[PDB]
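For reference, the structure discussed in these notes is given below.
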Amino acid sequence: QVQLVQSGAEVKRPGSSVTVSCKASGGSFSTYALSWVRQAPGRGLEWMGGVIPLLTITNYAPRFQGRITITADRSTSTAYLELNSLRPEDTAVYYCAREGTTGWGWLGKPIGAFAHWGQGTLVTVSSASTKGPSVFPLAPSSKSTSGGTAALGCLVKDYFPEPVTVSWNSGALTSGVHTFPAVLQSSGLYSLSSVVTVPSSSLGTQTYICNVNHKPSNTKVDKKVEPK
Amino acid sequence: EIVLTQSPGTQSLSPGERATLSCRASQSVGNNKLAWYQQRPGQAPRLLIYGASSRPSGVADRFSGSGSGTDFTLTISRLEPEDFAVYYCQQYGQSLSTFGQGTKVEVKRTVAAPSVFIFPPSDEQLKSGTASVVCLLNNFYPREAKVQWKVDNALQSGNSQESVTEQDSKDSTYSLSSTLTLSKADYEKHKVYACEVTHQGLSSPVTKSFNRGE
Amino acid sequence: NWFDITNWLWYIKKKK
């Protein structure tokens, strides 16, 4: 089975160059085309270019011609993507993809289309430094106590880089939970919120705790959210 | 460069219904080298069709591709729960390969007005010198919604950001969160903080607000 | 078309 494994996420300063790797296992490596496709947050897929290892023949999209270099190391079945003069607009998930083949096995006739994809590599172009978030409570309104539904949550603000994961009551509470996509502030730091709706009548008999985890800064906070 | 147009960009359909997605090319696609991919949130794309109509082994046969030249179509005979995702077409008929902008197939459901909640800044944050006010628009449909922040009836601009969740897998609704941020000093210069919401399910704008220090 | 090169290569090593 053909598998593609990419290198880990990276934070790069504006103007620098980034190199992403993609190691293939299974099937042939030298005679099948390998391409790189990127996807900026909330945007569509964009083909950047590709390479055919055996002939060391590259093919770059005009938009990247002059800023990109794709190479392949046949000795380790690894393909590389280098993108220079990075700008914030280059922040995206970069995927390597190999064309599929016909019939059984994976050494059949090539189809051109991308049948095999790597897991993707998030490249963040920023001047920001690693920072853990502050976790603030979003206390349930005291204007709904008597019956009805109440909303409460946690504001996870000013962290870098992505990601952050949030759970409630150590994963025991999932019903009604909404954890929003982070937004990028003018400071270059991220902020996100997580909320949950629950019966107003439970605010005095049940404890609600948001578990926030930001591995890069080792920020692991369990914030108890209660009525003010 | 061959430009691929996928219109509409979104299709709201019900489970079990048939779906036909269009991909129009600005010029003839050589040898019908047109592919279709499916992509779910947080996942890598998956090849569904290649060569305009060929389906790789493993891909459900409820997916079929047709067309040639500059007119291609992906057909989903009957939508299963896992078929609600984004679909991209791609042409590789010439060295410069291009993708369409994608079409999101989402679940159509009855209109649901948002339940609005406003949250004043926490005492903990205020102690740090900053004040973030959060507005939550919960469980609404369709996705289109608008939030306007007003401070002492003054419309705000440039000091807020918002984001929206993926369609809920269980009730097919969306939720939106918006944060208004000011320095503690500026926060203390105003009294009324309000979030005004507009949505198809609301005959008139809904406003939630609070008075600072009350 | 660059995307047709590998198909051609396939036929090559398959013939001789």
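All residue names refer to the structure tokens as shown: chains lettered A, B, ... in order, residues numbered from 1 in each chain, ligands numbered from 1 in order.
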For range 130-135 of chain B, find every residue with an atom within 7 Å (counting only C-alpha atoms), except residues of its own chain fewer than 3 positions away, and show them as a PDB file with N, CA, C and O atoms, in the first residue's frame.
ATOM      1  N   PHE B 117     -26.441  35.295  23.120  1.00  0.00           N
ATOM      2  CA  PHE B 117     -25.928  35.473  24.479  1.00  0.00           C
ATOM      3  C   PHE B 117     -24.761  36.457  24.453  1.00  0.00           C
ATOM      4  O   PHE B 117     -23.928  36.408  23.541  1.00  0.00           O
ATOM      5  N   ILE B 118     -24.693  37.340  25.446  1.00  0.00           N
ATOM      6  CA  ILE B 118     -23.586  38.287  25.520  1.00  0.00           C
ATOM      7  C   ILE B 118     -22.855  38.080  26.846  1.00  0.00           C
ATOM      8  O   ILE B 118     -23.481  37.886  27.891  1.00  0.00           O
ATOM      9  N   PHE B 119     -21.525  38.094  26.791  1.00  0.00           N
ATOM     10  CA  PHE B 119     -20.706  37.882  27.978  1.00  0.00           C
ATOM     11  C   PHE B 119     -19.765  39.038  28.281  1.00  0.00           C
ATOM     12  O   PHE B 119     -18.897  39.376  27.476  1.00  0.00           O
ATOM     13  N   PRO B 120     -19.923  39.661  29.456  1.00  0.00           N
ATOM     14  CA  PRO B 120     -19.051  40.776  29.834  1.00  0.00           C
ATOM     15  C   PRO B 120     -17.645  40.230  30.099  1.00  0.00           C
ATOM     16  O   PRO B 120     -17.461  39.023  30.238  1.00  0.00           O
ATOM     17  N   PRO B 121     -16.633  41.105  30.160  1.00  0.00           N
ATOM     18  CA  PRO B 121     -15.284  40.592  30.423  1.00  0.00           C
ATOM     19  C   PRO B 121     -15.194  40.060  31.852  1.00  0.00           C
ATOM     20  O   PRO B 121     -15.919  40.514  32.737  1.00  0.00           O
ATOM     21  N   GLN B 125      -9.575  38.945  33.602  1.00  0.00           N
ATOM     22  CA  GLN B 125      -8.981  39.626  32.457  1.00  0.00           C
ATOM     23  C   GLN B 125      -8.827  41.120  32.723  1.00  0.00           C
ATOM     24  O   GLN B 125      -7.802  41.716  32.392  1.00  0.00           O
ATOM     25  N   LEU B 126      -9.848  41.726  33.321  1.00  0.00           N
ATOM     26  CA  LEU B 126      -9.793  43.150  33.620  1.00  0.00           C
ATOM     27  C   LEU B 126      -8.566  43.463  34.466  1.00  0.00           C
ATOM     28  O   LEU B 126      -7.934  44.503  34.294  1.00  0.00           O
ATOM     29  N   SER B 177     -19.303  32.927  17.041  1.00  0.00           N
ATOM     30  CA  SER B 177     -18.779  33.616  18.206  1.00  0.00           C
ATOM     31  C   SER B 177     -18.037  34.860  17.734  1.00  0.00           C
ATOM     32  O   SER B 177     -17.272  34.803  16.767  1.00  0.00           O
ATOM     33  N   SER B 178     -18.291  35.985  18.396  1.00  0.00           N
ATOM     34  CA  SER B 178     -17.630  37.243  18.061  1.00  0.00           C
ATOM     35  C   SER B 178     -17.065  37.852  19.333  1.00  0.00           C
ATOM     36  O   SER B 178     -17.715  37.834  20.381  1.00  0.00           O
ATOM     37  N   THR B 179     -15.850  38.385  19.240  1.00  0.00           N
ATOM     38  CA  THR B 179     -15.195  38.997  20.385  1.00  0.00           C
ATOM     39  C   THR B 179     -14.826  40.440  20.091  1.00  0.00           C
ATOM     40  O   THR B 179     -14.179  40.740  19.083  1.00  0.00           O
ATOM     41  N   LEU B 180     -15.256  41.324  20.982  1.00  0.00           N
ATOM     42  CA  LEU B 180     -14.974  42.750  20.902  1.00  0.00           C
ATOM     43  C   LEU B 180     -13.895  42.965  21.959  1.00  0.00           C
ATOM     44  O   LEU B 180     -14.084  42.596  23.118  1.00  0.00           O
ATOM     45  N   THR B 181     -12.767  43.546  21.569  1.00  0.00           N
ATOM     46  CA  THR B 181     -11.679  43.762  22.515  1.00  0.00           C
ATOM     47  C   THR B 181     -11.247  45.219  22.619  1.00  0.00           C
ATOM     48  O   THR B 181     -11.050  45.900  21.609  1.00  0.00           O
ATOM     49  N   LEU B 182     -11.109  45.687  23.856  1.00  0.00           N
ATOM     50  CA  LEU B 182     -10.685  47.055  24.139  1.00  0.00           C
ATOM     51  C   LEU B 182      -9.725  47.027  25.318  1.00  0.00           C
ATOM     52  O   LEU B 182      -9.650  46.034  26.045  1.00  0.00           O
ATOM     53  N   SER B 183      -8.987  48.114  25.506  1.00  0.00           N
ATOM     54  CA  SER B 183      -8.084  48.204  26.644  1.00  0.00           C
ATOM     55  C   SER B 183      -9.013  48.444  27.830  1.00  0.00           C
ATOM     56  O   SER B 183     -10.135  48.927  27.655  1.00  0.00           O
ATOM     57  N   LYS B 184      -8.562  48.110  29.031  1.00  0.00           N
ATOM     58  CA  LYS B 184      -9.393  48.322  30.210  1.00  0.00           C
ATOM     59  C   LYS B 184      -9.769  49.799  30.322  1.00  0.00           C
ATOM     60  O   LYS B 184     -10.911  50.140  30.629  1.00  0.00           O
ATOM     61  N   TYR B 187     -12.455  50.591  27.950  1.00  0.00           N
ATOM     62  CA  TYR B 187     -13.650  49.872  28.365  1.00  0.00           C
ATOM     63  C   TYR B 187     -14.396  50.659  29.444  1.00  0.00           C
ATOM     64  O   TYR B 187     -15.625  50.732  29.435  1.00  0.00           O
ATOM     65  N   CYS B 195     -24.753  43.775  21.369  1.00  0.00           N
ATOM     66  CA  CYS B 195     -24.516  42.930  20.210  1.00  0.00           C
ATOM     67  C   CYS B 195     -25.843  42.886  19.458  1.00  0.00           C
ATOM     68  O   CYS B 195     -26.845  42.433  20.006  1.00  0.00           O
TER      69      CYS B 195
END
query = When the cut-off is 8 Å and we count only C-alpha atoms, which residues of chain C are near chain A, given as a PyMOL selection string?
reply = chain C and resi 2-4+6-7+9-10
inquiry  = Can you pull out the residues contacting residue 55 in chain B? Cut-off 12 Å, using only C-alpha atoms, and skip same-chain residues under 6 positions away; I want them as a PyMOL selection string.
reply    = (chain A and resi 100-103+111+113+115) or (chain B and resi 34-37+46-49+61-66+74)
ask   = So which bits of range 7-146 of chain B end up strand (DSSP E or B) when you DSSP the backbone, as a PyMOL selection string?
value = chain B and resi 10-13+19-25+34-39+46-50+54+63-68+71-76+86-91+98-99+103-107+112+115-119+130-141+145-146
How would the residues just picked look written out with C-alpha atoms as an mmCIF file, in the first residue's frame?
data_model
loop_
_atom_site.group_PDB
_atom_site.id
_atom_site.type_symbol
_atom_site.label_atom_id
_atom_site.label_comp_id
_atom_site.auth_asym_id
_atom_site.auth_seq_id
_atom_site.Cartn_x
_atom_site.Cartn_y
_atom_site.Cartn_z
ATOM 1 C CA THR B 10 -22.737 25.676 -1.958
ATOM 2 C CA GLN B 11 -25.677 23.282 -2.317
ATOM 3 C CA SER B 12 -28.120 22.707 0.539
ATOM 4 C CA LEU B 13 -29.612 19.229 0.174
ATOM 5 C CA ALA B 19 -26.899 15.768 -6.201
ATOM 6 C CA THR B 20 -25.304 17.029 -9.405
ATOM 7 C CA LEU B 21 -22.291 19.336 -9.181
ATOM 8 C CA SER B 22 -21.041 21.335 -12.168
ATOM 9 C CA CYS B 23 -17.473 22.205 -13.216
ATOM 10 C CA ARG B 24 -17.135 24.428 -16.297
ATOM 11 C CA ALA B 25 -13.734 25.021 -17.915
ATOM 12 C CA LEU B 34 -10.707 15.988 -15.161
ATOM 13 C CA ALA B 35 -10.735 14.716 -11.577
ATOM 14 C CA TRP B 36 -13.046 15.171 -8.596
ATOM 15 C CA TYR B 37 -12.027 15.116 -4.944
ATOM 16 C CA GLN B 38 -13.945 15.117 -1.685
ATOM 17 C CA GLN B 39 -12.627 16.863 1.417
ATOM 18 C CA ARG B 46 -9.744 11.980 -1.381
ATOM 19 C CA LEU B 47 -9.841 11.124 -5.096
ATOM 20 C CA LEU B 48 -13.331 10.142 -6.291
ATOM 21 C CA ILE B 49 -13.165 10.301 -10.080
ATOM 22 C CA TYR B 50 -10.383 10.616 -12.662
ATOM 23 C CA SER B 54 -13.339 6.579 -14.039
ATOM 24 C CA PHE B 63 -20.506 8.635 -7.193
ATOM 25 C CA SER B 64 -20.246 9.009 -10.967
ATOM 26 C CA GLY B 65 -18.565 11.457 -13.308
ATOM 27 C CA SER B 66 -19.653 12.558 -16.762
ATOM 28 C CA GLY B 67 -19.042 15.199 -19.398
ATOM 29 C CA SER B 68 -16.237 16.221 -21.746
ATOM 30 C CA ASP B 71 -18.715 20.710 -19.320
ATOM 31 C CA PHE B 72 -18.259 18.180 -16.499
ATOM 32 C CA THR B 73 -20.569 16.855 -13.798
ATOM 33 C CA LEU B 74 -20.167 14.847 -10.614
ATOM 34 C CA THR B 75 -23.340 12.994 -9.662
ATOM 35 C CA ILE B 76 -24.107 11.532 -6.251
ATOM 36 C CA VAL B 86 -16.589 19.867 -0.021
ATOM 37 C CA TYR B 87 -15.988 18.734 -3.605
ATOM 38 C CA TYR B 88 -13.219 20.038 -5.859
ATOM 39 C CA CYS B 89 -12.709 19.460 -9.558
ATOM 40 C CA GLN B 90 -9.229 19.562 -11.083
ATOM 41 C CA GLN B 91 -7.971 19.528 -14.648
ATOM 42 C CA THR B 98 -5.744 23.934 -11.792
ATOM 43 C CA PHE B 99 -8.527 23.309 -9.253
ATOM 44 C CA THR B 103 -18.665 23.230 -3.824
ATOM 45 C CA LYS B 104 -19.822 22.566 -0.290
ATOM 46 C CA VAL B 105 -22.726 20.155 -0.056
ATOM 47 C CA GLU B 106 -24.426 20.867 3.263
ATOM 48 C CA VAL B 107 -27.533 19.548 4.982
ATOM 49 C CA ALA B 112 -33.675 28.246 12.976
ATOM 50 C CA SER B 115 -30.209 32.114 20.376
ATOM 51 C CA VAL B 116 -28.084 35.117 21.352
ATOM 52 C CA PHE B 117 -25.928 35.473 24.479
ATOM 53 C CA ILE B 118 -23.586 38.287 25.520
ATOM 54 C CA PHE B 119 -20.706 37.882 27.978
ATOM 55 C CA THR B 130 -7.730 44.214 28.832
ATOM 56 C CA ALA B 131 -11.451 43.710 28.246
ATOM 57 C CA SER B 132 -12.962 41.212 25.835
ATOM 58 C CA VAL B 133 -16.724 41.110 25.373
ATOM 59 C CA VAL B 134 -18.064 37.983 23.684
ATOM 60 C CA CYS B 135 -21.294 37.501 21.720
ATOM 61 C CA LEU B 136 -22.592 34.010 20.949
ATOM 62 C CA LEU B 137 -25.112 33.263 18.197
ATOM 63 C CA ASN B 138 -26.124 29.686 18.902
ATOM 64 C CA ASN B 139 -27.631 26.929 16.750
ATOM 65 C CA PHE B 140 -28.995 28.751 13.714
ATOM 66 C CA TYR B 141 -29.725 27.911 10.079
ATOM 67 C CA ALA B 145 -25.742 35.780 9.876
ATOM 68 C CA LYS B 146 -24.582 39.263 10.840
#
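Atom pair CA of residue 12 in chain A / CA of residue 62 in chain A: separated by 23.4 Å.
Closest approach to chain C among B:95, B:9, B:26, B:83 is made by B:95 (distances from only C-alpha atoms).
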